[PDB]
Amino acid sequence: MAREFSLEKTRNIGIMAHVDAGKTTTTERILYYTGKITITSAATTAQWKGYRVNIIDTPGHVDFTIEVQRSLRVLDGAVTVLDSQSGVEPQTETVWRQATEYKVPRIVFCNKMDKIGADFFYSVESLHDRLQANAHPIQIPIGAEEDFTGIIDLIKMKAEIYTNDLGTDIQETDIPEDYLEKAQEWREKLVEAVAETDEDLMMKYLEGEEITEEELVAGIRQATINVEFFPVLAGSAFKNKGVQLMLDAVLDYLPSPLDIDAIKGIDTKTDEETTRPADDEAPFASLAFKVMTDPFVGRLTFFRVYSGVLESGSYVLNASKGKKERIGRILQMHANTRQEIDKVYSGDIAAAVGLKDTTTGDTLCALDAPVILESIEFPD
Ligand code: NA
C-alpha cells in the first residue's frame, strides 16, 4: 500500500573481501546484526536503525570475466574488508581497481585487529602505496593483537570499549588519556584530507575556521560517494568488535540509490540512449542478477529495480529476450524469514517466483516503455 523505507533510507551493499580477509564471518555477523525482527543467498533483505539494507553476494575470489561487472551494477556501495595483518594484497588491488572503474563507493573495514601481526596503520598505508587510494581513518584502534580492546571515533572523539566477544555490554567512554594526543593528531589529518575534497571547506580550513561535526560528516559522505575518499575503520568480526560501528558507517557514508548516476539504457522505440533514474513515478525498469532454484516455491529470479514500481501478479517485458513475462509472487529473503510482498519500488531488490525465460543480466521493464539497460557496458 505504501513505500516502507524511502529511497534516502535504502542501502544496497556488497562485501568485498578476499577469503583470507574473513569474508564469510564478516558477512555472517552483518546478517546477524541486521536480521533482528551451507546455502549463501544471492541477496538478503535486512535493516539497520530505520534504514533498509540489502546485502548482495559478490565473489570471494578474483573474477576476470563479465559476471563481476554485473553484481557491481546491482549494489550501490560496498564495504571492503582487509586482513589487518596483511594489508592490501595483489588480489585485493585488482578487485579494488574494478570497483573504482565501475564507480563503487567504499568504506574499508580493517578486520582481524586481534590477530598476531595485526597493524592498522600499515594496512592504511598500503592503501596509499599500492592503490594510490585516498584512504583516511575515521577511527583509531585501542590496542593491537590480543591487546585490541576498543575503538576510538575520530568524529565525536569518544571511545567504545569491548568487555566480551559477543557484541554486548559495550562501554561508551571518553578516549583513554594515553591515546588522546594520537586521536587528536589523526582527527586533524582527517579534517585536512576532507577539506582538500571541497573548495569551500579548504578555504575555511586554511583560514583557520572551525569545521563542525555535521560539516565534517557531510564532507566525508560526499567525497566517499564520489569515489574520491575512503573512510577506514577497524575491528574483529569474529569477536564482535566494531561491527555495529561499521554498520553505522554504511548509513553515514555509503550511497542511497539517489546518490548514484542513473542507469543508462537504449530506448528501443527511438533507438537512442536514455536513463532510468530512481523514481517511483517513472516507467518500470530492472535488471535480473541471479536465478535460484528454491526448495519451496521453486524457480526464484532475483532482480534490482532501478525505476518505477512493480506489482505482484502483473506482466512485464524481458527486453533482453524480446518477450512478455508473467510476474507471479514476489518475495524478499531475510536472514531468518521469507516475506511475501505485493509491490517493489525503485532502488529495492526482490525475487520473483517461477519466471520462465529470464536469466542473469536481462532487463525486465514496462511493456509500454521498453528499454535495454546497460548490464554489460555499452560498446564503443
Ligand atoms: Na553500482
# chains A, B, ... in the order shown; residues from 1 in each chain; ligands from 1
>>> closest_atom_pairs(of="chain A", to="ligand 1", cutoff="10 Å", atoms="only C-alpha atoms and all ligand atoms", output="Markdown table")
| residue | atom | partner | partner_atom_place_in_ligand_line | distance |
| --- | --- | --- | --- | --- |
| A:12 | CA | ligand 1 | 1 (Na) | 8.6 |
| A:13 | CA | ligand 1 | 1 (Na) | 8.8 |
| A:14 | CA | ligand 1 | 1 (Na) | 9.6 |
| A:69 | CA | ligand 1 | 1 (Na) | 9.1 |
| A:70 | CA | ligand 1 | 1 (Na) | 8.8 |
| A:71 | CA | ligand 1 | 1 (Na) | 7.7 |
| A:72 | CA | ligand 1 | 1 (Na) | 4.8 |
| A:73 | CA | ligand 1 | 1 (Na) | 3.8 |
| A:74 | CA | ligand 1 | 1 (Na) | 5.5 |
| A:75 | CA | ligand 1 | 1 (Na) | 4.7 |
| A:76 | CA | ligand 1 | 1 (Na) | 4.0 |
| A:77 | CA | ligand 1 | 1 (Na) | 6.5 |
| A:78 | CA | ligand 1 | 1 (Na) | 9.1 |
| A:99 | CA | ligand 1 | 1 (Na) | 8.8 |
| A:102 | CA | ligand 1 | 1 (Na) | 6.9 |
| A:103 | CA | ligand 1 | 1 (Na) | 6.9 |
| A:104 | CA | ligand 1 | 1 (Na) | 5.7 |
| A:105 | CA | ligand 1 | 1 (Na) | 8.5 |
| A:255 | CA | ligand 1 | 1 (Na) | 9.6 |
| A:257 | CA | ligand 1 | 1 (Na) | 9.0 |
| A:260 | CA | ligand 1 | 1 (Na) | 7.3 |
| A:261 | CA | ligand 1 | 1 (Na) | 8.8 |
| A:262 | CA | ligand 1 | 1 (Na) | 9.9 |
| A:263 | CA | ligand 1 | 1 (Na) | 9.0 |
>>> write_last_selection(atoms="N, CA, C and O atoms", output="short mmCIF file (atom, residue, chain, number, x, y, z; two decimals), in the first residue's frame")
data_model
loop_
_atom_site.label_atom_id
_atom_site.label_comp_id
_atom_site.auth_asym_id
_atom_site.auth_seq_id
_atom_site.Cartn_x
_atom_site.Cartn_y
_atom_site.Cartn_z
N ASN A 12 22.06 -0.39 -0.68
CA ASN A 12 22.34 -1.61 -1.43
C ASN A 12 23.85 -1.79 -1.39
O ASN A 12 24.59 -1.01 -2.00
N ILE A 13 24.31 -2.82 -0.67
CA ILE A 13 25.73 -3.03 -0.49
C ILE A 13 26.24 -4.42 -0.78
O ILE A 13 25.50 -5.41 -0.73
N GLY A 14 27.52 -4.48 -1.10
CA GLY A 14 28.24 -5.74 -1.27
C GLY A 14 29.37 -5.73 -0.26
O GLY A 14 29.74 -4.68 0.27
N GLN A 69 31.25 -7.63 -13.25
CA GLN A 69 30.70 -6.34 -13.65
C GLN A 69 29.20 -6.23 -13.37
O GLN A 69 28.71 -5.15 -13.02
N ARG A 70 28.47 -7.34 -13.53
CA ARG A 70 27.02 -7.34 -13.32
C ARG A 70 26.65 -7.03 -11.87
O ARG A 70 25.80 -6.16 -11.64
N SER A 71 27.28 -7.74 -10.91
CA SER A 71 26.95 -7.54 -9.49
C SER A 71 27.31 -6.12 -9.07
O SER A 71 26.63 -5.55 -8.23
N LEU A 72 28.34 -5.54 -9.69
CA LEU A 72 28.74 -4.15 -9.39
C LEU A 72 27.67 -3.14 -9.78
O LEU A 72 27.62 -2.03 -9.20
N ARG A 73 26.83 -3.48 -10.76
CA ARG A 73 25.73 -2.58 -11.16
C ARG A 73 24.51 -2.70 -10.23
O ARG A 73 23.70 -1.77 -10.13
N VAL A 74 24.39 -3.84 -9.55
CA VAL A 74 23.26 -4.13 -8.64
C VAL A 74 23.45 -3.48 -7.27
O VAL A 74 22.50 -2.92 -6.67
N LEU A 75 24.66 -3.60 -6.75
CA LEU A 75 24.99 -2.94 -5.48
C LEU A 75 25.30 -1.47 -5.79
O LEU A 75 25.65 -1.14 -6.93
N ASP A 76 25.14 -0.59 -4.80
CA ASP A 76 25.41 0.84 -4.97
C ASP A 76 26.70 1.24 -4.28
O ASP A 76 27.41 2.12 -4.74
N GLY A 77 27.00 0.58 -3.17
CA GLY A 77 28.21 0.84 -2.40
C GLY A 77 28.72 -0.47 -1.82
O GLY A 77 28.05 -1.49 -1.94
N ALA A 78 29.91 -0.44 -1.22
CA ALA A 78 30.45 -1.66 -0.64
C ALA A 78 31.31 -1.42 0.59
O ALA A 78 31.79 -0.31 0.83
N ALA A 99 36.30 -2.14 -8.93
CA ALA A 99 35.28 -1.36 -8.23
C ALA A 99 35.39 0.15 -8.53
O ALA A 99 34.38 0.84 -8.67
N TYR A 102 34.07 0.88 -12.06
CA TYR A 102 32.61 0.88 -12.07
C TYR A 102 31.99 1.84 -11.03
O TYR A 102 30.80 1.75 -10.72
N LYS A 103 32.82 2.76 -10.53
CA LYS A 103 32.42 3.85 -9.64
C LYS A 103 31.65 3.44 -8.39
O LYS A 103 30.61 4.01 -8.07
N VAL A 104 32.19 2.47 -7.67
CA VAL A 104 31.55 1.98 -6.46
C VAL A 104 32.16 2.62 -5.23
O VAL A 104 33.36 2.42 -4.98
N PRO A 105 31.37 3.40 -4.48
CA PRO A 105 31.89 3.97 -3.22
C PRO A 105 32.17 2.88 -2.20
O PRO A 105 31.45 1.88 -2.18
N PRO A 255 26.23 5.25 -0.36
CA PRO A 255 25.15 5.87 -1.13
C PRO A 255 23.79 5.22 -1.04
O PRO A 255 23.69 4.00 -0.85
N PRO A 257 20.16 4.82 -3.36
CA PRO A 257 20.01 4.74 -4.82
C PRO A 257 19.94 6.11 -5.53
O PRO A 257 20.18 6.19 -6.74
N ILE A 260 23.64 7.69 -6.80
CA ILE A 260 24.35 7.05 -7.90
C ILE A 260 23.87 7.60 -9.23
O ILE A 260 22.72 7.94 -9.35
N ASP A 261 24.76 7.68 -10.21
CA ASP A 261 24.38 8.09 -11.57
C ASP A 261 23.25 7.18 -12.06
O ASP A 261 23.28 5.97 -11.83
N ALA A 262 22.26 7.75 -12.73
CA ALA A 262 21.13 6.97 -13.23
C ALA A 262 21.63 5.97 -14.26
O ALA A 262 22.49 6.29 -15.08
N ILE A 263 21.09 4.76 -14.20
CA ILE A 263 21.50 3.72 -15.10
C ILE A 263 21.13 4.08 -16.54
O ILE A 263 20.09 4.67 -16.78
#
>>> residues_around(residues="stretch 312-326 of chain A", least_positions_apart="2", cutoff="8 Å", atoms="only C-alpha atoms", output="PDB file with C-alpha atoms, in the first residue's frame")
ATOM      1  CA  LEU A 310       6.472  -3.484  -9.913  1.00  0.00           C
ATOM      2  CA  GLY A 328       3.548 -14.067 -10.093  1.00  0.00           C
ATOM      3  CA  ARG A 329       4.562 -13.866  -6.454  1.00  0.00           C
ATOM      4  CA  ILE A 330       7.309 -11.588  -5.213  1.00  0.00           C
ATOM      5  CA  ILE A 341       5.168  -8.550  -0.836  1.00  0.00           C
ATOM      6  CA  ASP A 342       2.726  -7.120  -3.396  1.00  0.00           C
ATOM      7  CA  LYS A 343       4.885  -4.204  -4.616  1.00  0.00           C
ATOM      8  CA  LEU A 355       9.830 -16.769 -14.111  1.00  0.00           C
ATOM      9  CA  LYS A 356      10.232 -18.836 -17.267  1.00  0.00           C
ATOM     10  CA  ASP A 357      12.858 -17.349 -19.678  1.00  0.00           C
ATOM     11  CA  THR A 358      14.724 -14.773 -17.544  1.00  0.00           C
ATOM     12  CA  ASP A 362      18.281  -9.490 -18.521  1.00  0.00           C
ATOM     13  CA  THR A 363      16.341  -6.258 -18.446  1.00  0.00           C
ATOM     14  CA  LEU A 364      12.750  -6.599 -17.118  1.00  0.00           C
ATOM     15  CA  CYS A 365      10.809  -3.425 -17.874  1.00  0.00           C
ATOM     16  CA  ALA A 366       7.406  -1.856 -18.536  1.00  0.00           C
ATOM     17  CA  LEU A 367       5.647  -3.187 -21.602  1.00  0.00           C
ATOM     18  CA  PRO A 370      10.691  -0.660 -23.353  1.00  0.00           C
ATOM     19  CA  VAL A 371      14.371  -0.161 -22.636  1.00  0.00           C
ATOM     20  CA  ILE A 372      17.507  -2.329 -22.744  1.00  0.00           C
TER      21      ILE A 372
END
>>> select_by_dssp(residues="stretch 206-327 of chain A", states="helix (DSSP H, G or I)", output="ChimeraX atom specification")
/A:206,213-225,243-253,257-259
>>> closest_residue(among="A:144, A:350, A:285, A:21", to="residue A:115", atoms="only C-alpha atoms")
A:144
>>> closest_residue(among="A:166, A:46, A:216, A:88", to="residue A:187", atoms="only C-alpha atoms")
A:216
>>> residues_around(residues="residue A:309", least_positions_apart="6", cutoff="8 Å", atoms="only C-alpha atoms", output="PyMOL selection string")
chain A and resi 280-281+283-284+343-346
>>> closest_residue(among="A:302, A:33, A:205, A:48", to="residue A:242", atoms="only C-alpha atoms")
A:33
>>> residues_around(residues="residue A:127", least_positions_apart="6", cutoff="9 Å", atoms="only C-alpha atoms", output="MDAnalysis selection string")
chainID A and resid 87:88 93 133:135
>>> atom_distance(atom1="atom CA of residue A:91", atom2="atom CA of residue A:221")
27.0 Å
>>> residues_around(residues="residue A:223", least_positions_apart="4", cutoff="10 Å", atoms="only C-alpha atoms", output="number ranges by chain")
A: 105, 134, 194, 196-198, 218-219, 227-231, 253
>>> residues_around(residues="residue A:338", least_positions_apart="4", cutoff="10 Å", atoms="only C-alpha atoms", output="list in words")
residues 44, 45, 331, 332, 333 and 334 of chain A
>>> atom_distance(atom1="atom CA of residue A:60", atom2="atom CA of residue A:97")
15.5 Å
>>> residues_around(residues="residue A:162", least_positions_apart="4", cutoff="7 Å", atoms="only C-alpha atoms", output="PyMOL selection string")
chain A and resi 149-150+170-171+241
>>> select_by_dssp(residues="stretch 27-112 of chain A", states="strand (DSSP E)", output="ChimeraX atom specification")
/A:43-48,51-56,77-83,106-111
>>> atom_distance(atom1="atom CA of residue A:110", atom2="atom CA of residue A:82")
4.9 Å
>>> closest_residue(among="A:123, A:54, A:94, A:34", to="residue A:243", atoms="only C-alpha atoms")
A:34
>>> closest_residue(among="A:214, A:199, A:311, A:174", to="residue A:340", atoms="only C-alpha atoms")
A:311
>>> decode(residues="stretch 176-207 of chain A", atoms="N, CA, C and O atoms", output="PDB file, in the first residue's frame")
ATOM      1  N   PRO A 176      40.812   7.130  26.311  1.00  0.00           N
ATOM      2  CA  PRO A 176      41.775   6.988  27.414  1.00  0.00           C
ATOM      3  C   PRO A 176      42.878   8.036  27.245  1.00  0.00           C
ATOM      4  O   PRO A 176      43.230   8.365  26.103  1.00  0.00           O
ATOM      5  N   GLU A 177      43.412   8.559  28.348  1.00  0.00           N
ATOM      6  CA  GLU A 177      44.434   9.617  28.281  1.00  0.00           C
ATOM      7  C   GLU A 177      45.705   9.272  27.491  1.00  0.00           C
ATOM      8  O   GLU A 177      46.288  10.158  26.876  1.00  0.00           O
ATOM      9  N   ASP A 178      46.128   8.009  27.495  1.00  0.00           N
ATOM     10  CA  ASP A 178      47.326   7.602  26.720  1.00  0.00           C
ATOM     11  C   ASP A 178      47.135   7.591  25.178  1.00  0.00           C
ATOM     12  O   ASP A 178      48.109   7.443  24.440  1.00  0.00           O
ATOM     13  N   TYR A 179      45.889   7.728  24.711  1.00  0.00           N
ATOM     14  CA  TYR A 179      45.573   7.792  23.278  1.00  0.00           C
ATOM     15  C   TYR A 179      45.011   9.154  22.836  1.00  0.00           C
ATOM     16  O   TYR A 179      44.758   9.346  21.650  1.00  0.00           O
ATOM     17  N   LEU A 180      44.827  10.101  23.756  1.00  0.00           N
ATOM     18  CA  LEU A 180      44.198  11.379  23.387  1.00  0.00           C
ATOM     19  C   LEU A 180      44.957  12.209  22.344  1.00  0.00           C
ATOM     20  O   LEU A 180      44.348  12.716  21.400  1.00  0.00           O
ATOM     21  N   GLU A 181      46.270  12.357  22.510  1.00  0.00           N
ATOM     22  CA  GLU A 181      47.067  13.131  21.548  1.00  0.00           C
ATOM     23  C   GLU A 181      47.122  12.451  20.180  1.00  0.00           C
ATOM     24  O   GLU A 181      47.081  13.118  19.140  1.00  0.00           O
ATOM     25  N   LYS A 182      47.187  11.121  20.184  1.00  0.00           N
ATOM     26  CA  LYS A 182      47.245  10.365  18.943  1.00  0.00           C
ATOM     27  C   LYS A 182      45.911  10.520  18.214  1.00  0.00           C
ATOM     28  O   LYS A 182      45.883  10.663  16.999  1.00  0.00           O
ATOM     29  N   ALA A 183      44.815  10.509  18.976  1.00  0.00           N
ATOM     30  CA  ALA A 183      43.485  10.683  18.410  1.00  0.00           C
ATOM     31  C   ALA A 183      43.315  12.095  17.838  1.00  0.00           C
ATOM     32  O   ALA A 183      42.732  12.270  16.771  1.00  0.00           O
ATOM     33  N   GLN A 184      43.828  13.093  18.558  1.00  0.00           N
ATOM     34  CA  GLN A 184      43.767  14.479  18.101  1.00  0.00           C
ATOM     35  C   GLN A 184      44.537  14.644  16.792  1.00  0.00           C
ATOM     36  O   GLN A 184      44.081  15.333  15.872  1.00  0.00           O
ATOM     37  N   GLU A 185      45.695  13.993  16.729  1.00  0.00           N
ATOM     38  CA  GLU A 185      46.573  14.020  15.564  1.00  0.00           C
ATOM     39  C   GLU A 185      45.892  13.413  14.332  1.00  0.00           C
ATOM     40  O   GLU A 185      45.868  14.019  13.246  1.00  0.00           O
ATOM     41  N   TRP A 186      45.352  12.212  14.487  1.00  0.00           N
ATOM     42  CA  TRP A 186      44.645  11.570  13.373  1.00  0.00           C
ATOM     43  C   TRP A 186      43.338  12.288  12.988  1.00  0.00           C
ATOM     44  O   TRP A 186      42.917  12.232  11.821  1.00  0.00           O
ATOM     45  N   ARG A 187      42.696  12.947  13.947  1.00  0.00           N
ATOM     46  CA  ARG A 187      41.476  13.689  13.632  1.00  0.00           C
ATOM     47  C   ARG A 187      41.855  14.915  12.787  1.00  0.00           C
ATOM     48  O   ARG A 187      41.163  15.247  11.849  1.00  0.00           O
ATOM     49  N   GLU A 188      42.954  15.577  13.141  1.00  0.00           N
ATOM     50  CA  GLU A 188      43.441  16.730  12.377  1.00  0.00           C
ATOM     51  C   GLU A 188      43.749  16.335  10.921  1.00  0.00           C
ATOM     52  O   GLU A 188      43.456  17.087   9.989  1.00  0.00           O
ATOM     53  N   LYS A 189      44.363  15.169  10.742  1.00  0.00           N
ATOM     54  CA  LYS A 189      44.698  14.666   9.409  1.00  0.00           C
ATOM     55  C   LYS A 189      43.423  14.394   8.616  1.00  0.00           C
ATOM     56  O   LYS A 189      43.365  14.649   7.407  1.00  0.00           O
ATOM     57  N   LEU A 190      42.408  13.885   9.309  1.00  0.00           N
ATOM     58  CA  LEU A 190      41.110  13.606   8.692  1.00  0.00           C
ATOM     59  C   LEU A 190      40.448  14.892   8.221  1.00  0.00           C
ATOM     60  O   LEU A 190      39.982  14.966   7.091  1.00  0.00           O
ATOM     61  N   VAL A 191      40.407  15.900   9.094  1.00  0.00           N
ATOM     62  CA  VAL A 191      39.792  17.192   8.761  1.00  0.00           C
ATOM     63  C   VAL A 191      40.479  17.798   7.534  1.00  0.00           C
ATOM     64  O   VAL A 191      39.807  18.233   6.589  1.00  0.00           O
ATOM     65  N   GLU A 192      41.812  17.785   7.548  1.00  0.00           N
ATOM     66  CA  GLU A 192      42.614  18.311   6.447  1.00  0.00           C
ATOM     67  C   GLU A 192      42.300  17.581   5.140  1.00  0.00           C
ATOM     68  O   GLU A 192      42.073  18.209   4.112  1.00  0.00           O
ATOM     69  N   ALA A 193      42.287  16.253   5.188  1.00  0.00           N
ATOM     70  CA  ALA A 193      42.008  15.460   3.997  1.00  0.00           C
ATOM     71  C   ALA A 193      40.613  15.745   3.447  1.00  0.00           C
ATOM     72  O   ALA A 193      40.437  15.829   2.229  1.00  0.00           O
ATOM     73  N   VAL A 194      39.625  15.874   4.333  1.00  0.00           N
ATOM     74  CA  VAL A 194      38.261  16.156   3.896  1.00  0.00           C
ATOM     75  C   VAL A 194      38.201  17.560   3.301  1.00  0.00           C
ATOM     76  O   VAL A 194      37.541  17.771   2.290  1.00  0.00           O
ATOM     77  N   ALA A 195      38.896  18.507   3.929  1.00  0.00           N
ATOM     78  CA  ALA A 195      38.919  19.884   3.446  1.00  0.00           C
ATOM     79  C   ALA A 195      39.456  19.957   2.017  1.00  0.00           C
ATOM     80  O   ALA A 195      38.984  20.762   1.227  1.00  0.00           O
ATOM     81  N   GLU A 196      40.424  19.101   1.697  1.00  0.00           N
ATOM     82  CA  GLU A 196      41.023  19.051   0.369  1.00  0.00           C
ATOM     83  C   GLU A 196      40.073  18.552  -0.745  1.00  0.00           C
ATOM     84  O   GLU A 196      40.355  18.758  -1.926  1.00  0.00           O
ATOM     85  N   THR A 197      38.955  17.913  -0.367  1.00  0.00           N
ATOM     86  CA  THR A 197      37.971  17.414  -1.337  1.00  0.00           C
ATOM     87  C   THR A 197      36.894  18.442  -1.689  1.00  0.00           C
ATOM     88  O   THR A 197      36.093  18.201  -2.593  1.00  0.00           O
ATOM     89  N   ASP A 198      36.851  19.567  -0.971  1.00  0.00           N
ATOM     90  CA  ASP A 198      35.816  20.567  -1.199  1.00  0.00           C
ATOM     91  C   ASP A 198      36.377  21.978  -1.064  1.00  0.00           C
ATOM     92  O   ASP A 198      36.814  22.383   0.025  1.00  0.00           O
ATOM     93  N   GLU A 199      36.320  22.727  -2.166  1.00  0.00           N
ATOM     94  CA  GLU A 199      36.857  24.091  -2.210  1.00  0.00           C
ATOM     95  C   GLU A 199      36.380  24.979  -1.058  1.00  0.00           C
ATOM     96  O   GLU A 199      37.195  25.626  -0.400  1.00  0.00           O
ATOM     97  N   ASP A 200      35.074  25.008  -0.811  1.00  0.00           N
ATOM     98  CA  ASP A 200      34.529  25.829   0.283  1.00  0.00           C
ATOM     99  C   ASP A 200      35.081  25.403   1.648  1.00  0.00           C
ATOM    100  O   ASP A 200      35.351  26.245   2.497  1.00  0.00           O
ATOM    101  N   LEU A 201      35.270  24.099   1.844  1.00  0.00           N
ATOM    102  CA  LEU A 201      35.838  23.591   3.101  1.00  0.00           C
ATOM    103  C   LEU A 201      37.325  23.914   3.232  1.00  0.00           C
ATOM    104  O   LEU A 201      37.783  24.266   4.317  1.00  0.00           O
ATOM    105  N   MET A 202      38.070  23.789   2.133  1.00  0.00           N
ATOM    106  CA  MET A 202      39.513  24.063   2.147  1.00  0.00           C
ATOM    107  C   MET A 202      39.765  25.528   2.442  1.00  0.00           C
ATOM    108  O   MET A 202      40.733  25.860   3.126  1.00  0.00           O
ATOM    109  N   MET A 203      38.896  26.400   1.930  1.00  0.00           N
ATOM    110  CA  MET A 203      39.048  27.838   2.176  1.00  0.00           C
ATOM    111  C   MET A 203      38.887  28.107   3.674  1.00  0.00           C
ATOM    112  O   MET A 203      39.675  28.844   4.254  1.00  0.00           O
ATOM    113  N   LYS A 204      37.886  27.487   4.296  1.00  0.00           N
ATOM    114  CA  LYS A 204      37.648  27.645   5.739  1.00  0.00           C
ATOM    115  C   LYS A 204      38.769  27.043   6.577  1.00  0.00           C
ATOM    116  O   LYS A 204      39.210  27.649   7.555  1.00  0.00           O
ATOM    117  N   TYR A 205      39.212  25.846   6.203  1.00  0.00           N
ATOM    118  CA  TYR A 205      40.296  25.164   6.921  1.00  0.00           C
ATOM    119  C   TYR A 205      41.590  25.979   6.892  1.00  0.00           C
ATOM    120  O   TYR A 205      42.222  26.177   7.937  1.00  0.00           O
ATOM    121  N   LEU A 206      41.978  26.437   5.697  1.00  0.00           N
ATOM    122  CA  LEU A 206      43.190  27.252   5.521  1.00  0.00           C
ATOM    123  C   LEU A 206      43.085  28.587   6.267  1.00  0.00           C
ATOM    124  O   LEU A 206      44.082  29.076   6.807  1.00  0.00           O
ATOM    125  N   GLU A 207      41.879  29.165   6.295  1.00  0.00           N
ATOM    126  CA  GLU A 207      41.628  30.427   7.022  1.00  0.00           C
ATOM    127  C   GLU A 207      41.507  30.210   8.542  1.00  0.00           C
ATOM    128  O   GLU A 207      41.311  31.166   9.291  1.00  0.00           O
TER     129      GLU A 207
END
